[PDB]
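Enquirer: Let me see the structure of the following:
(chains A, B, C, D, E, F and G, ligands or ions: 4)
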Amino acid sequence: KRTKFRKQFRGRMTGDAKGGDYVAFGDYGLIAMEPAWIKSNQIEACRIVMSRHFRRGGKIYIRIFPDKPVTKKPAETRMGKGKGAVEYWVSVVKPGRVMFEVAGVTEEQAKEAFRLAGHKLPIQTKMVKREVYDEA
Amino acid sequence: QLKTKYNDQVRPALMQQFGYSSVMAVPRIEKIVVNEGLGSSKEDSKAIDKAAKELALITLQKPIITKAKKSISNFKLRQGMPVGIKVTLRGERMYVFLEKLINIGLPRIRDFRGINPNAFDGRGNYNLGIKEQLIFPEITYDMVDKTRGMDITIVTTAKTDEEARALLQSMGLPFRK
Amino acid sequence: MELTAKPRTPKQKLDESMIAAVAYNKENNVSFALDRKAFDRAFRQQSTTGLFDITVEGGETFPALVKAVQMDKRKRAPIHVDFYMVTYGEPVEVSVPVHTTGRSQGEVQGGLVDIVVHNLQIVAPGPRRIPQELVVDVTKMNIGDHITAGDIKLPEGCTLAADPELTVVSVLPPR
Amino acid sequence: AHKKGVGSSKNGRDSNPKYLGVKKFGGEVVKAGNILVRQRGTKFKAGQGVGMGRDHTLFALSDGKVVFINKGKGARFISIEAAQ
Amino acid sequence: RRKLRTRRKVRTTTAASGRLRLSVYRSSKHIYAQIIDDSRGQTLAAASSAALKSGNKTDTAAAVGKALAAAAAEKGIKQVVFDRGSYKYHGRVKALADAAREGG
RNA sequence: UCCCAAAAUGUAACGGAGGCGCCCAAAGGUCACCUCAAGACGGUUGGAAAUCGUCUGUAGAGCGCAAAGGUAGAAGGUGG
RNA sequence: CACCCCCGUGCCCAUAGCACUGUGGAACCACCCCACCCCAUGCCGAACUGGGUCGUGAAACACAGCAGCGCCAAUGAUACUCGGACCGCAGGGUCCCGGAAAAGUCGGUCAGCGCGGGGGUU
Ligand SMILES: [Mg+2]
Ligand SMILES: [Mg+2]
Ligand SMILES: [Mg+2]
Ligand SMILES: [Mg+2]
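Expert: Numbers count the residues shown, from 1 in each chain, chains lettered A, B, ... in the order given. Ligands and ions are numbered 1, 2, ... in the order given. Below, you will see the structure:
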């Protein structure tokens, strides 16, 4: 969710994935296919939903942590400088990236644990399976 | 006044216990020291005197006030402030004091019983943690100040503690069996 | 896998379903360019612990091994492949996957067993006889049973490159 | 007065004019006096025939041709392989 | 340890100098009062105490210094420089020194 | 002094961070010499660190203050 | 550069470094020995230093083996991009044309090159 301590601010830019593996920590995983900002509350909205579906196992890996502070409008003005260090924290995701990947539970019993998680995401994803063997 | 039996009792008896391709290679005694880390709990630009004066009349040498590492940790700590003391012995004065210890030091210790075994400086070097200085052939309460303690270091070319222990004791040393 | 071409220029393939790999050892690092589909259907099975027929256009069957494959992101599709020609008595080192069999005594119990490390690497495989898999006991494993390299029975010879006390599978607790 | 701080913390006004760089590159017919490199630390160390200002700068003692030498980085050297 | 010889050696300027440096391995009793020229790793003169010593080795001190200054002459050298080492310009070494620092 | 500044320089904003209006008869000139942080094992008031000791040790320390570059063959640490 | 090795001093300055192992001794080196004073360790001649064997090669060193770690490091394909030409409301993305990494893989090596002095080939 929210980081523990840091610097305080940032900026904005994009270009395709870079460190989003594939299989690892599980057999089934969910992959993001579009450039976006993933709100930390948009992850909970995913995890939590996923939990419910899984009556146990917790074999859910969320490997897209919010390494980013965004700001906002103190109400209107414009005559002041940097604003709202605290609007919210997001975690820039890029295509091919892997935010989710369950483990242990049946295909179907997974093709749903994701589907749902998809429904609260600002981007389109697609489920991936195996044959992932680069580095280890 | 020692050294022959040093070699002898040790060296020979060593090969006659070991098998050293040389006389040089056998473990020896590099140096014996005395750290006097007093003060800190006792800021006595007075007591500092008790130390050296004494330490010196017991080792026959002027030691160095191993001042503060400039460390100023939360508690009582600061820049480089006199806190402890260093007194390095080696060879003559080493041996001259050394023998005292093996003869009168520990031997003359009420409550004394010998000395723990368990290897120290796995570097074949022995460590000696002393305390009450009230067991010295040179310390006098009827001509001192207050009363303190001290630590002495055993330095030896002793490669392994195996060889260490041996040498250690051969030259003379009380082990609590 | 009848790969035929092998030039720096791939216009003649990039449009036409054809992957593009390279092979070698220390002698010949022949430029290459095999067919999409084929490799695609191929590597699936033999994976990287499977040497296959490499008769390049002209006919010169060669023995190699799937070393490293780098596929496109966004599109699960593979783009490049490295074939490290087989050997005879020694290749280098290989990647062999860990597998389980038989229900574990932790599953029905109250928890689920987890495979801390999917594919495992052992020192020296042994060209000609390199484990195209690795089934492992799990049953015994209860509520916190971790298995490691110092356990897994190896195929007569093969030595474990992976540090021993390293857990390959444990049976994770419930919830 | 009151009972708060003097100036409002968390500001951003100001920075500095600043400079530094390389005044004479490799192959330039340096000269007596010419400055060839302004730097902060010892990025480039006064090679052969180069003096070194107090501000880690570098200059020519004589005339000749500017020359650069980079030994695996870490230590750099500007020299002067005069023509004459 | 090796800091010392590199401290002296370094400070001892090379080409900016033009002059020549005279070493000395008087840590042992087998000195070498060597003389080398800046660039080319070439030793010109040289006057140890290797060819015998007549018993003197800490003693042959100035013998070699005088044996050297004298030496150079058969090369003709006006300017040289003492690239001593860890050796802190004391006696055994000041020997070769003063000795040569006049034998020439 | 950092970042913004788009690998030369330069480059704005009520853009993002932080310091200065000093200090040092020596914290200087020169000449000698030493070399760090830290962990581990073993040792006395000690017992968390700290003092002593022994291994490891590009220095992960230091450099009077803010940062950056720089630096151990010392700009780091003592004495004449 | 007759063959060798040893000592000093360079270039080079990790593909020349480490570690593990073996080789060397009385030519050289070192340890070792004593050291009142020359000069000296804010205490210790441990280190600087003065006077010298024997003994040793153990340590330090030199050399040689080894590549387990370091360090070096392809090719191929990719990232990215100068230039040209397009797409999507936008985040962003593409084609043609050159340039072209980093990481990883193959594999590479435990240097190589000088000057001078010493002692050997009984
Ligand atoms: Mg690399
Ligand atoms: Mg072009
Ligand atoms: Mg363009
Ligand atoms: Mg292109």
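
Enquirer: Can you pull out the residues in contact with stretch B:142-155?
Expert: Applying C-beta atoms under 8 Å, 6 or more residues apart in numbering or on different chains, the set of residues contacting stretch B:142-155 from outside is B:29-38, B:46-47, B:49-51, B:54-55, B:90, B:101, B:125-134, B:141, B:168. In this view, the C-beta of every residue, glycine as well, is placed from N, C-alpha and C.

Enquirer: is RNA strand G contacted by that stretch?
Expert: No. Taking C-beta under 7 Å from any atom of the strand as the criterion, stretch B:142-155 and RNA strand G are apart, separated by no less than 9.6 Å.

Enquirer: Buried ones only from the contacts of stretch B:142-155, please, as a ChimeraX command.
Expert: Buried members of the contacts of stretch B:142-155 can be picked out in ChimeraX with the line below, counting by 16 or more other C-beta atoms under 10 Å in any protein chain shown:
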select /B:29,31,32,33,34,35,36,38,50,51,54,55,101,125,126,128,130,133,168
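
Enquirer: Mind checking which of the contacts of stretch B:142-155 land in helices?
Expert: If you go by DSSP state H, these have B:47, B:49-51, B:54-55, B:168 in helices.

Enquirer: so residue A:126 is in which element?
Expert: Remark: residue A:126 resides in strand A:125-128, with elements defined by DSSP states H and E.

Enquirer: Oops, could you answer that again for residue C:141 instead?
Expert: With DSSP H and E as criterion, residue C:141 is part of no helix or strand.

Enquirer: For the longest helix seen in chain C, give me every contacting residue.
Expert: Here the longest helix in chain C is taken by residue count, with DSSP H as the criterion, and it is helix C:36-42. Identification of contacts with helix C:36-42 by C-beta under 8 Å, 6+ apart yields C:1-2, C:17-19, C:21, C:52, C:78, C:81.

Enquirer: Farthest-apart pair in those residues, please.
Expert: Taking C-beta to C-beta as the measure, the contacts of helix C:36-42 reach their widest spread between C:17 and C:52, a distance of 18.9 Å.

Enquirer: who does residue C:24 bridge with?
Expert: Per DSSP bridges, the residues bridged to residue C:24 are residue C:84.

Enquirer: Now do the contacts for it.
Expert: If you count contacts by C-beta under 8 Å, 6+ apart, residue C:24 has them with C:30, C:83-85.

Enquirer: how close does the closest residue to chain D within chain B sit to residue B:87?
Expert: Chain B approaches chain D most closely through residue B:70 (25.9 Å), counting by C-beta to the nearest C-beta. When C-beta to C-beta, to the nearest Å is applied, the distance between residue B:70 and residue B:87 equals 22 Å.

Enquirer: repeat for residue C:7
Expert: 80 Å.

Enquirer: The two: who's more crowded?
Expert: Neighbour count, other C-beta atoms under 10 Å in any protein chain shown: between residue C:7 and residue B:87, residue B:87 has more, with 26 against 11.

Enquirer: sec struct for residue B:104, please.
Expert: Secondary structure of residue B:104, reduced to three states by DSSP: H, G, I helix; E, B strand; the rest coil: helix.

Enquirer: and the closest residue to it other than its chain neighbours, what is it in contact with?
Expert: Across the structure, with C-beta to C-beta, 6 or more residues apart in numbering or on different chains as the measure, the residue nearest residue B:104 apart from its sequence neighbours is residue B:137 (4.0 Å). Residues in contact with residue B:137, defined by C-beta under 8 Å, 6+ apart, are B:100, B:104-105, B:108.

Enquirer: mind checking how far the residue minimising distance to the centre of chain B is from residue B:28?
Expert: Nearest to the mean C-alpha position of chain B, by C-alpha atoms, centre = their mean, lies residue B:152 at 2.5 Å. Look at residue B:152 and residue B:28: by C-beta to C-beta, they are 17 Å apart.

Enquirer: Can you get me a residue count around the residue of chain C found nearest chain A?
Expert: Here chain C gets closest to chain A at one residue, residue C:73, 3.1 Å apart by C-beta to the nearest C-beta. Neighbouring residues of residue C:73 were enumerated by other C-beta under 10 Å; the total is 19.

Enquirer: same deal with the one 4 residues further on?
Expert: Here the number of neighbours of residue C:77 (other C-beta under 10 Å) works out to 11.

Enquirer: ok, for it, nearest residue in space, not its chain neighbours?
Expert: Using C-beta to C-beta, 6+ apart and skipping residues adjacent in sequence, the residue nearest residue C:77 is residue C:71, 5.9 Å away.

Enquirer: Identify the residues contacting that neighbour.
Expert: Residue C:71 makes contact with C:77-80, according to C-beta under 8 Å, 6+ apart.

Enquirer: Save those as a markdown table, and put in secondary structure too.
Expert: Compiled in a markdown table, the contacts of residue C:71 are given as follows (three-state DSSP):
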| residue | secondary structure |
| --- | --- |
| C:77 | coil |
| C:78 | strand |
| C:79 | strand |
| C:80 | strand |
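
Enquirer: which among those residues gets closest to residue C:44?
Expert: Checking the contacts of residue C:71 one by one against residue C:44 (C-beta to C-beta), the nearest turns out to be residue C:78, at 10.8 Å.

Enquirer: now for the contacts of residue C:24, which pair is the farthest apart?
Expert: The largest separation in these, counting by C-beta to C-beta, is between C:30 and C:84 at 12.4 Å.

Enquirer: any residues in contact with both of the two?
Expert: Shared contacts of residue C:30 and residue C:84, defined by C-beta under 8 Å, 6+ apart, comprise C:23-24.

Enquirer: so what's the backbone phi/psi at residue A:99?
Expert: Taking degrees, to the nearest 10, you get phi -100, psi -40 for the backbone angles of residue A:99.

Enquirer: Do stretch C:24-31 and RNA strand G come into contact?
Expert: Yes. In this structure, stretch C:24-31 sits against RNA strand G according to C-beta under 7 Å from any atom of the strand; the contacting residues are C:24-26, C:29, C:31.

Enquirer: starting at the chain centroid, how far to that stretch?
Expert: Relative to the centre of its chain, stretch C:24-31 is centred 21 Å away, using C-alpha atoms, centre = their mean, to the nearest Å.

Enquirer: cool, and stretch D:59-72?
Expert: With C-alpha atoms, centre = their mean as the basis, the mean position of stretch D:59-72 lies at 13 Å from the chain mean.
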